[PDB]
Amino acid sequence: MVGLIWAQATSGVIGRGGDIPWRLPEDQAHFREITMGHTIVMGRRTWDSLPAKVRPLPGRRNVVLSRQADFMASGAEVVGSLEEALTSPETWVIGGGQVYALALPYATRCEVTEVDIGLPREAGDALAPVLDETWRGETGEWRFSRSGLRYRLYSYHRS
């Protein structure tokens, strides 16, 4: 089973200049829970946005998409096609915008957390994929973070 997990603003933005433009500690403990134990696929630019410390993410098989045939990620498997990356039964694609859009044609699940911030879509932004009518989803209640931000959780499934 192949799924995608991302945090977005209402507009669709997920990253900006190598970073996520917010701080949602509760999502860290939610993201860690859903991915812990399995394989995680990220693109190279996303693998680079992680602090050296938490690189690689403990307890998980870190897989990095890249076209650089020489690119070495200390502690992660470097492949060159997502077909190469997608080999484990339960795999979670964790970013970024380029990888999310490449993987969705092949996911049965999506774990979305939407942050309530008024964040305009600047050119060159990393965006969240778009889900059509083929996606039946469940929504949770709006919650309120130790950061001071309202957010709600979305789970989608494709039969």
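A residue's number is simply how far along the shown sequence it sits, counting from 1. In this text, rigid core is short for the largest set of C-alphas that superpose within 1.5 Å between two forms.
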query	finding
Rigid core superposition result in 4 other deposited structures of this protein, more deviant of 86 to 94, 51 to 59 by Cα	86 to 94
Per the entry, higher mean C-alpha B factor between 46 to 54 and 94 to 102	46 to 54
Mean temperature factor over C-alpha atoms, higher-scoring stretch between 28 to 36 and 65 to 73	65 to 73
Residue selected from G118, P129, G124, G59 by maximal Cα B factor	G118
B-factor third for the C-alpha atom of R150 within its chain	middle
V41, C-alpha B-factor rank within chain (lowest, middle or highest third)	lowest
Relative C-alpha B-factor of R16, binned into the chain's lowest, middle or highest third	lowest
Chain-wide C-alpha B factor ranking for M1, given as lowest, middle or highest third	highest
Where the record places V112 (Cα B-factor, split into thirds across the chain)	lowest
